[PDB]
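Quick heads-up: it's one chain on its own, the form deposited without the named molecule, in structure tokens.
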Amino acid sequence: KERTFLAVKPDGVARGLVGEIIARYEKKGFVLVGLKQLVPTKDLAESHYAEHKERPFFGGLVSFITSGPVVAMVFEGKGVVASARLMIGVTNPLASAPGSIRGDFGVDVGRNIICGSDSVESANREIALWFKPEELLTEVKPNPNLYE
């Protein structure tokens, strides 16, 4: 099945939002196949954010995410990359709908709590970045009531 990578960033961890966030994806029915808390390395942060490398805000992205603990997760399930994004909301928390994570909890583009993969393609890249293969679940059993 599809897998995505989500990190709740230092601001989400510091605000005590980790469990609330995991519980939202668990209720949806996605399965947790990798999880750890870590303080990202500058090397890791720069690779993760490589797409924004030419833009002046790249260095801020890199400073913040290495500024404290991150909890890195990967979830598995049908259509999880796009669904996970729908559940986060949009870039600007102020513009994100009530009921989404950033819509419910966030106020600033610079402190928007959580990030998730763009695409199936960048998810594959990001998972291999943040996780070793031995840190990820091999045999996954979803609730039998979830999939036809």
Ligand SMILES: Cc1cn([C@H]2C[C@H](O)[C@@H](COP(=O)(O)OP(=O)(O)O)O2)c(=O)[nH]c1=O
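Just count from 1 along the sequence shown to find any residue number.
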With reference to the PDB entry, specify whether the mean Cα temperature factor is higher for 46 to 54 or for 104 to 112. 46 to 54
Of the two stretches 79 to 87 and 57 to 65, which shows the higher Cα B-factor on average in the entry? 57 to 65
Which of these, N92, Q37, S117, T41, has its C-alpha atom at the highest B-factor, as the entry lists it? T41
From the entry's CA B-factor values, the highest among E134, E126, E20, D11 is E134
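Keep in mind that the form solved in complex with the named molecule is not shown, yet the notes after this line are about it.
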Steric status of site, the named molecule superimposed as seen in the bound PDB entry, threshold 2.4 angstroms to backbone or C-beta: open
So, a 4.5 angstroms cut-off on heavy atom distances: do all three of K9, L61 and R102 pass it with respect to the named molecule in the bound PDB entry? yes
My question is simply whether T91 lines the interface with the named molecule in the bound PDB entry - judged by any non-hydrogen atom within 4.5 Å. yes
Tell me, yes or no, whether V109 is in contact with the named molecule in the bound PDB entry, where a contact means a heavy atom of each within 4.5 Å. yes
Can you work out whether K28 and the named molecule are in contact in the bound PDB entry, taking contact to mean some heavy atom pair no more than 4.5 Å apart? no
